[PDB]
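Only one chain is included here, represented as structure tokens and corresponding to the form deposited in one PDB entry.
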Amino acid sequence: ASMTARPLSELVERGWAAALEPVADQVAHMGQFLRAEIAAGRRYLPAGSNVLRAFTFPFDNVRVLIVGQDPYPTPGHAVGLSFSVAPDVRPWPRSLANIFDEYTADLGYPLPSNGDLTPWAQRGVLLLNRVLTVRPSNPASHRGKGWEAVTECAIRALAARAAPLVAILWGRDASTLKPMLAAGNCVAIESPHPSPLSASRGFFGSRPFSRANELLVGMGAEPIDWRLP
């Protein structure tokens, strides 16, 4: 359903609907923002029904969150899960090829068959962006338009759960969530973003997957099975 018209209880998974209650009005306001963009003749990505897709996997099952900046800017790439693409997309976006190069260097696994990250989402990884929409061809075009309050609320709610959490924060916009992760059940890994523009400043060699698993094991949580087909 549409974010302007329908309540969180309809839009997102039950635990997420309770977690996001402080931003219920703000999510409806974003639906009105997106409506105004279409009225004005501007486009947005991902598709309306995918914008909140990260919050359709169970809140109670999240062990790791990965946070990027904003969705892929090329039509046909963004699917509402950060960095993921549909299984028939080729070539992979360059950021995703960089992620997979680090995945193979860190974990020793072969390169994945395709760019679909839904196994991670189905295994306790929240695939979040700091901002949940973008105008085509214009990275960061929806920065400061109201999504930040929504993703801040999501992180605060996860951090408050009586459960371990590991956050992987890629880039500067994602790292504005670090203050909200201060509680002792939460630990944050931060690096430069995997974009070609920033990856060589510290994404490559950062070993985020193995490190997140070492942190989860030190907190007595089950490691993520990162292996993609």
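Only residues modelled in both forms are compared. Throughout, rigid core stands for the largest set of C-alpha atoms superposing within 1.5 Å between the two forms. All residue numbers are counted from 1 along the displayed sequence.
There is also a form deposited in another entry; it is not shown, and the following applies to it.
- Core-superposed comparison between this form and the one not shown: among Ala199, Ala28, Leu181, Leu34, the single residue whose C-alpha moves by 2 Å or more is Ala199.
- In the other form, the CA atoms of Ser175 and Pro71 sit farther apart than in the displayed form, by at least 3 angstroms.
- A shift of at least 3 angstroms brings the Cα atoms of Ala159 and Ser195 nearer to each other in the other form than in the displayed structure.
- Where the rigid core is used as the reference frame, consecutive stretches of 3+ residues with C-alpha displacements of 2 Å or more between this form and the one not shown occur at 171 to 175, 183 to 201.
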